[PDB]
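Have a look below at one chain only, the form solved without ligand UMP, in structure tokens format.
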């Protein structure tokens, strides 16, 4: 579980920022860069979750549902987010985004002991 921890750390990096509440375009531009999703190509869509890690991890403890890829280790919850969508023009590593802040249903996959988030499904 050096593995499960690496996967969890990747989830935190790509998807977790507790104390923003809901960013604008500049927030997406900064965070996509700082969380390492722009150096080699521009990731087209990404979500940052604005909840405490304890609360995100709690989603793992809910009833299992199917992931998009067919796995059965997914879980749904409702959280504050900023969704970041690439503008379509941009050229890595200078990637540009449009932000949408909202509270919405998310689906995450969890693994391990304790169960932790390892993938953001939708």
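Heads up, when I say rigid core I mean the largest set of C-alphas that superpose within 1.5 Å between the two forms. Only residues modelled in both forms are compared. Numbering follows the first chain given and starts at 1.
Unshown form deposited with ligand UMP bound; subsequent notes refer to it.
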query: So which of 38, 29, 46, 73 gets a non-hydrogen atom within 4.5 Å of ligand UMP in the deposited complex?
result: 46
- prompt: Within 4.5 Å of ligand UMP in the deposited complex, do we find a heavy atom from each of 52, 57 and 80?
  reply: no
- prompt: Does residue 115 reach ligand UMP in the deposited complex if we count a contact as any heavy atom within 4.5 Å?
  reply: no
message: Can you work out whether residue 104 and ligand UMP are in contact in the deposited complex, taking contact to mean some heavy atom pair no more than 4.5 Å apart?
response: yes
query: Quick one: is residue 6 in contact with ligand UMP in the deposited complex, heavy atoms, 4.5 Å cut-off?
result: no
message: Is it the case that residue 10, even though its partner is missing from this view, gets within 4.5 Å of ligand UMP in the deposited complex, heavy atoms only?
response: yes
- line: Rigid-core overlay between this form and the one not shown puts runs of three or more residues with Cα moved 2 angstroms or more at 21-23
